[PDB]
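Below are the chains, spelled out letter by letter.
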Amino acid sequence: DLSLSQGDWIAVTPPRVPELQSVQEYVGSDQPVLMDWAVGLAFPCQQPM
Amino acid sequence: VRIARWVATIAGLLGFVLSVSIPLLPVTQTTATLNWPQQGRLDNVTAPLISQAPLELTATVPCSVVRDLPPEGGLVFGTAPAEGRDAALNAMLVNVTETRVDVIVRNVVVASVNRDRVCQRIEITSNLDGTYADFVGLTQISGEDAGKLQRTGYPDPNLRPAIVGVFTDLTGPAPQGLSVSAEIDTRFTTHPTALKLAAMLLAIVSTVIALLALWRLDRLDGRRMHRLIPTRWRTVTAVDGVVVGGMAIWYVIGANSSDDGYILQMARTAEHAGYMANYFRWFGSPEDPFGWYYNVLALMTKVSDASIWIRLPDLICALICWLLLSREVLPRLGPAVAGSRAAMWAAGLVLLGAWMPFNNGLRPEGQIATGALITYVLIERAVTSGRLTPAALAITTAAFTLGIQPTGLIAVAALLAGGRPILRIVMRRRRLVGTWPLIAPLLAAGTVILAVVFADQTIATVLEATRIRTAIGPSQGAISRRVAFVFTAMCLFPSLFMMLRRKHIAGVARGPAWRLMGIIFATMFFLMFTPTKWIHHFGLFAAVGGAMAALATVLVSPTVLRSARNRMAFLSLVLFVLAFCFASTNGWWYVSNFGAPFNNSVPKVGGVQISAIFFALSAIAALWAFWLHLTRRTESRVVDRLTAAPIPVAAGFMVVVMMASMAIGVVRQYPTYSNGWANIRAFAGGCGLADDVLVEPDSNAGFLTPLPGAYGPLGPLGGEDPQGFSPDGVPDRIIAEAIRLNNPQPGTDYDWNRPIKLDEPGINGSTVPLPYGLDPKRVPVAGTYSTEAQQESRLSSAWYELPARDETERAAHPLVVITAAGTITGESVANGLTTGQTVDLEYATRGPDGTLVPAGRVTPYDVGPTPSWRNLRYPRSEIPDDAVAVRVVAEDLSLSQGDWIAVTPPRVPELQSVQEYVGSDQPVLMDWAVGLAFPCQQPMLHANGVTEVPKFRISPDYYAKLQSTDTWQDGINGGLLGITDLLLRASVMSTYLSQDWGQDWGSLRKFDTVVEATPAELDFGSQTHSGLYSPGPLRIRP
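1. A closer look at the overall build of chain B
Regarding its fold elements, chain B presents 30 helices and 33 strands. In terms of overall size, chain B behaves like a compact globule, its C-alpha atoms giving a radius of gyration of 34 Å where 1038 residues would be expected to give roughly 31 Å. Principal-axis analysis of the C-alpha atoms places the extent of chain B at approximately 95 × 90 × 50 Å.

Structure below.
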């Protein structure tokens, strides 16, 4: 924290090796999702609400 | 001849060589220093550097005062205050702490030696390649020894201090060794030596000799100047009387420009400073790369600087602009444009309509328009007469109009687009005389601009000003400010299409008409898109785009355009563009906007907006044109009678609506301050806006006495039931006429950085931080903001003893005011009667039986933003003649967490005008948007790199203050608020515009120092004669 300013700081939490899965694996085509207006074409498989 | 050619060529090349050598000549730079112990004493001394960047420090401190300070004893010296906003962030404070000493600069840590360690008179430096604050003869205890010399620092000019002075806490005679002797920045405050002055006088006399030699040599065709003031002049007609009388009436009552105060303020300070400083934005840098016209204004300001008088060039250049346009441009443009009355009438009304919004201030775009017209009509004279001396004058005139502003490239564009016949005239006179004595005075008059522009500025300092302006400056919407689309963009384009389609028209001279087009087109392609000057300009084309309209109106006249279809389509284009123009709000820049027909809303005559009326008539004309396209008539008279000169009809409508807007503005707001009444009253020796801005010098005096008994938990302000009216019912931090944002804003008050809760109970128990200098010991606050549960509090206060029944008391006590806070229903003029919470003054009467019957209430006015510490205003006129007491009533009918109010008891303030209180002695920091409105108070003029300490900060309206002004003047990009916010503490007071209550005129902030703050001695030495030697770059942002 080499900073004398009041608007500078950091926080830390211990490292992890997360059990990652793809979106299509986790969120299938059964659960409806609120796809926002800017991203519909990028996600073609999940049916919306 | 053979007696004029040789002097023409020797004086031509002599003027050339001399004028090009004028930037690289010596100048006597008058430097200044600052040695800290002045006469032995150890009082603090303030010398706020305008450029906030000394060249060197060379501060030396012995070991005798670090052990003689107290156990706390923090400031042996420093170049920021003891407590300033970002004091450690900008300046070199050097304090001692319990286990360390700091030589901290710009939040970059330097020599941190121990306290018990602290020694051979330790010397600190901060040069260009300095900041090595070294301890001579001392060895470090932890670390490497590096020869044991404690040479510690960072090689960097970026990290230099911003010297506002030098402040300490120790008092009494100087120890031998204590001497802070800084070199201040003195680059631009120079005057030319004897050599450079003699070179200037010789270049001027040599070019005038060369010009008169050219005039002598050129008279070989004969053609003597006979019958002066040509026969087409002196035939004055009704359009001349209109565009003279209406121009004079606009000169009196009309609007100013946006940057009127920006030019006026720097013109006022430039005489005493002596180098034409761009006062506000950059680090006192002279915009002397191109500013000579400001020296004309600076010479003009020797006499009184009333707005009626200092804008006299904007009247004179309008008159000679018209008198050139009607009498010398339009007859040159052809027999048809001169024969038709409608053409001269359109030229007059388009001139006046383009002149009146933009260049009736001090922003010098009337002079650029006039100079571009002069160089155009002179290049016309050169073509039509077959001479070369009007062209040679048009060269230096184009150079001067290029010299006024960087948006004076229209004059160069005119010289380029009239360059081909000039070069034909050169090739024409090449046969008889030598080619060289003709081209030589041309390039002489082209380069004599350098003699005037580089009068007291060396090329080094102008390139330094240029690189500061590109480093931190900008590197590349109203009913009558979007006119630019009306008066070139639908006159020059149809005239262009007509000039193209018809190869030879009858009555239009094709040559000068095409050069008139080329000026307007060519200026766009290297001024509109490439140059960085805010778009939306119409000033420049006020002159030459006036004559373009005179070209257009005879082109679209029924005698030239044979097809009625095209004429009816053009009338549809006229009405469409007028619909486009009226779409926005009738809003003038700053103080012109005082009482305007539709300053807040869209202009709506008769319910529906007039934009709809123009769009309906445009669609009617469009379908009437399309039906003639289908049926192919071309002969229906109805069109002939309708489209007979639509350009001067449109321009007459724009001129009349603008002059009506400002006439309604002046007569609406008559007993108060208008633009017109200010300019008329300026003859009486009165200030423009200062004479009728009532300010209370003592906010803590004038409070109304309550009735005999209070009867509550929180004073008489709570009358009977303070429902859930908690004493400290306010947010954690709200401030005087501003919104407390998280991140630090540039131009802030002292209240931003204060104790969150005040450390005293008070007379009420409320420990809320009070604004406006209000004491918490005397004026009991009373709010209702408790987030636990909104319980809807409504209190009727106790009755207050109003002042005595006297009209001489009533005069100078118009307002009864309460310093309320929170969201409150109030009748502003920025927006309508909006609805916050309902707090209002319930006035009462009580002759019969003594007891006060509450006979109605009065609505408040308000100007400040929604959750702020404003103060509501109730006119004593709205209070009836016999009313002996008033009681504020409130109501928190709101279940939302973002709603609340605060109340303070009413007062009858001892108001005085600004000119009465703030005279012409105390210097004030007039902001860039407001200089022309306040003509009498001298600003914080600066002398040789140091300024006078400002006392007040007169400022524009809140929105323009926050969004436009403070961003222009902060320390991050030069600025005056770099030095005053670091030194002074601003505390905004209350101010009221007289007889216009509910108008946010602006603000007035009283500065207060933080120490004793004696003015500095400033020992100056003035022998330095550089050629083009600029010692290093100034400190700018990283």
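Let us keep going from here.
2. Concerning the environment of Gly822(B)
All names here are of chain B. Position of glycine 822 relative to the elements: it lies in strand β16 (residues 821-822). For the pair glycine 822 and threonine 767, spaced 55 residues apart in the sequence, the C-alpha separation amounts to 17 Å. Once you skip the residues sitting within four places of it in the chain, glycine 822 turns out to touch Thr866, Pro867, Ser868, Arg870, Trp900 and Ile901.

3. A word on the sheet that holds strand β23 (residues 901-903) of chain B
Read from one edge to the other, the open sheet built from 3 strands follows the order β13-β23-β16 (chain B), with strand pairing classed as antiparallel. The open sheet is flanked by β13 (782-783) and β16 of chain B, the only strands paired with a single partner.

4. Structural notes on the sheet that holds strand β33 (residues 1025-1026) of chain B
Residue and element names in this part refer to chain B. Within the open sheet, the 3 strands sit side by side as β10-β1-β33. Their pairing is antiparallel. Strand pairing shows two members of the sheet lacking a second neighbour, β10 (190-192) and β33, which therefore form its edges. The pairing of strand β1 (residues 27-29) with β33 spans 2 bridges and is classified as antiparallel. Each residue of the ladder has a partner; that of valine 27, found in β33, is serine 1026.

5. Examining the packing of aromatic side chains
In this description, an aromatic ring pair is defined by two values, namely the gap between the centres and the angle between the planes. Residue and element names in this part refer to chain B. Tallied over the entire structure, the rule returns 25 aromatic pairs over all chains. Taking the centre distance of 5.3 Å and the plane angle of 55 degrees together, the rings of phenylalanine 485 and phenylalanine 580 count as tilted. Placement of the pair is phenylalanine 485 in helix α18 (residues 484-487) and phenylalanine 580 in helix α22 (residues 564-582), with a sequence separation of 95 residues. The exposure class assigned to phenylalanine 580 is partly exposed, which follows from its relative accessible area of 40%. Pairing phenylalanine 614 with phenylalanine 653 gives two aromatic rings, centres 5.6 Å apart and planes at 85 degrees, and the pair type is edge-to-face. Taken as a pair, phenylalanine 614 in helix α23 (residues 610-631) and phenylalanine 653 in helix α25 (residues 646-668) lie far apart in primary sequence, 39 residues in all. A residue is classified by how much of its surface remains accessible, and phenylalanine 653, at 35% relative accessible area, is partly exposed. Taken together, the ring pairs in this structure connect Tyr262, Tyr279, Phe280, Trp282, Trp928 and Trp968 into an aromatic cluster.

6. Brief notes about the nonpolar core
One broad trend across soluble globular proteins is that nonpolar side chains are buried collectively. Residue and element names in this part refer to chain B. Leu330 and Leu551 are the most contacted members of the largest nonpolar core, which has 141 residues in total. If one sorts the elements of this core by residue count, helix α10 (residues 341-358) sits on top with 12 residues. For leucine 330, the contacting residues outside a window of four places in its chain are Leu325, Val337, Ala338, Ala343, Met344, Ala347, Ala547 and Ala550.

7. A few points about the side chain of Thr370(B)
Here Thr370(B) shows up in helix α11 (residues 365-385). If we skip the residues at most four places from it in the chain, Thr370(B) touches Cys317(B), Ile320(B), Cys321(B), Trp355(B) and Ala543(B).

8. Describing helix α6 (residues 293-300) of chain B
Since one α-helical turn is 3.6 residues long, residues separated by three or four positions face the same way. All names here are of chain B. The complete set of buried residues in α6 reads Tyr293, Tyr294, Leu297, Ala298 and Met300. All buried residues of α6 lie within an arc of 160 degrees about the axis, which places them on one face of the element. The elements touched by buried residues of α6 are α5 (260-273), α7 (307-310), α8 (312-333), α11 and α12 (389-404).

9. Focus on the pattern of salt bridges
Residue and element names in this part refer to chain B. Evaluation of the coordinates by the stated rule reveals 20 salt bridges over all chains. Between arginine 754 and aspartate 751 there is a salt bridge, with the nearest N and O atoms lying 3.2 Å from each other. Residue classification places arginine 754 among the partly exposed positions, given a relative accessible area of 31%. Among the ionic pairs, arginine 953 bridges to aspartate 927, the shortest N-O distance being 2.6 Å. Residue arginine 953 is found in strand β27 (residues 952-955), and its partner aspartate 927 is found in the loop between α28 (914-917) and β25 (942-943); the two are separated by 26 residues along the sequence.

10. Remarks on the side chain of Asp305(B)
Residue and element names in this part refer to chain B. For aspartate 305, the position within the fold is in the loop between α6 and α7. Overall, the relative accessible area of 14% leaves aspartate 305 in the buried class. With residues up to four places along the chain from it excluded, the contact list for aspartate 305 reads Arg268, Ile310 and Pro935.

The rules behind each value
- The numbering scheme counts residues from 1 along every chain following its written sequence, independent of the entry's numbering, with residues that lack coordinates not shown.
- Just so you know, chain letters begin at A and ligand numbers begin at 1, following the order they were written in.
- Chains on display form part of a larger assembly; values are given for the displayed part and nothing beyond it.
- Only heavy atoms go into the side-chain values, all of them from the structure, while hydrogens and water stay out.
- Residues with missing side-chain atoms are left out of burial classes, side-chain pairs and their counts.
- Numbering of helices and strands starts at the N terminus; helices are DSSP runs of H or I of at least 4 residues and strands are runs of E of at least 2.
- Just to be clear, the radius of gyration here is over C-alpha atoms, and the globule rule we use is 2.2 Å times residues to the power 0.38.
- Note on contacts: a residue pair qualifies if any of its non-hydrogen atoms lie within 4.5 Å across the two residues.
- Pairing between two strands is assigned when DSSP locates at least 2 bridges connecting them.
- To pair, rings of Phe, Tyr and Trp, with the six-membered ring standing in for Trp, must have centres within 6.5 Å; the planes then decide the type, stacked if under 30 degrees apart, edge-to-face if over 60, and tilted in the middle.
- Relative accessibility decides the category of a residue: with a 1.4 Å probe and only protein chains considered, values under 20% of the type maximum give buried, values over 50% give exposed, and everything between is partly exposed.
- Note on terminology: a nonpolar core comprises buried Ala, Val, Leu, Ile, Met, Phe, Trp, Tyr and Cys residues joined through side-chain atoms within 4.5 Å.
- By arc we mean the arc of the directions from the helix axis to the C-beta atoms, nothing more.
- Here, a salt bridge means any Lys or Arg side-chain nitrogen found within 4 Å of an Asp or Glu carboxyl oxygen.

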